[PDB]
C-alpha cells in the first residue's frame, strides 16, 4: 500500500483528466458526480476554490491541494 504522501498525489491526479497537474472546477464536477441540483454543485465547487485556490487563478495545484 501507499504512504500518506503517495496517497495524496494519487487522489490529486485521479481527476486530472487533462494531465496538467492542476484541478479546475469542471474536473471537480466530475469528482462530485439521483443527481444534485446545479446550484448545490456550484456552491460546493465555489467553496473548494474559495478555500484551496490562493492565487485566484481558477486552478488548484498540488501545493494548494495538499497544504503540507
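Just so we're on the same page, rigid core means the largest C-alpha set that superposes within 1.5 Å between forms. Residue numbers count along the first chain shown, from 1.
Root-mean-square C-alpha deviation from the shown form, taken over all structures in 6 other deposited structures of this protein superposed by the rigid core, is larger for 8-16 than for the alternative among 43-51 and 8-16.
Compared with the other entries of this protein, residue 26 is consistently built, present in every one of those that build its neighbours rather than absent from a third. Across the other compared structures of the same protein with both neighbouring residues present, residue 36 carries coordinates in every case, with no third of them leaving it out.
The deposited sequence places no unmodelled residues between residue 43 and residue 44, so the chain runs continuously there.
Averaged over CA atoms, B-factors in the entry run higher in 50-58 than in the other of 18-26 and 50-58.
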